[PDB]
Ligand code: SF4
Ligand code: SF4
């Protein structure tokens, strides 16, 4: 068992916007509603990590989460984009599809993306080209001109990001 | 304990690291070239390989980490192994008859083996490795372009936990 904070750096470097957001929310709120627990939990499962939810003796909902090295299937991009739209207490979904563009812009700014980077992303989103906007985000983040793959799965994003960071 | 990943090694490690694990388990030691290739791979998956000692004096273990892993080209192009060394890329470094025997022991089908040998003969080491990935995961097309042992692992984990 290990704390979720062991993968803070990893989320920033290799997690797609949709999992990055869930990691953040889990870390700041100490919980996630079902949709989030599924999307994020299953993503981690795909990498080979087991997320564990626990209730602390003193019970703030009073949960604590951990992870360890290791049923349901990790969600693809189309699954995330097209089904289970997030409600107000929810942090799941795809921020390209689900975030109001003003709020998406502010998230992307907090991520230190360039204005030209942001502007290309927002134009792709207007077009409903969510996955291509996410490749664009992959390119900005890894500082490469062509991601070189056709994005269709948050788990693929991770493997492809790691492969670049691994040389 | 290093034996906790014996199973994982058969299911998701590329040939090159699966042989390092087997040799470390059998030989209770690996030379530097081997320790670096396998140790860094493990680091890439979030594990630290170390030897346990007794602090009170004047066994290889693995644990969660509390280091850039070698790529396919780095392994293939450099440091050919000597006798006594278990590092490198089997596709490039093993005698084809010994590679055939290793694949048989991995339960690759006769047809699978022939495809892999043909590819090795043309020097398409990575593509042979992709063919091996496809056969051990029973998928017709791996869908990615392989250039790093940690990528092989990462992609295997997606399938296995799918
Ligand atoms: S595109 Fe696929 S991966 Fe990128 S964020 Fe939307 S869902 Fe997650
Ligand atoms: S190809 Fe890359 S991964 Fe497959 S074995 Fe040779 S080195 Fe290891």
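Swiss-Prot numbering applies to chain B: residues 272-329, 346-353, 362-457, in that order.
If you're wondering, the header gives X-ray crystallography, 1.9 Å.
Including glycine, each Cβ sits where the backbone N, Cα and C put it.
What Swiss-Prot says about this protein:
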BINDING   B:287, B:367, B:384, B:424  [4Fe-4S] cluster binding site
Other same-chain residues whose Cβ falls within 8 Å of the Cβ centroid of B:287, B:367, B:384, B:424, the recorded [4Fe-4S] cluster site, in sequence order: B:285, B:286, B:370, B:371, B:385, B:386, B:387, B:420, B:421, B:444, B:447
Interval of 8 unresolved-in-model residues, reported as the Cα distance (Å) from residue B:353 through to residue B:362: 13
Secondary structure at residue B:287 ([4Fe-4S] cluster binding site), reduced by DSSP to three states: helix
Endpoint distance, Cα to Cα in Å, for the 16-residue gap that opens after residue B:329 and closes at residue B:346: 18
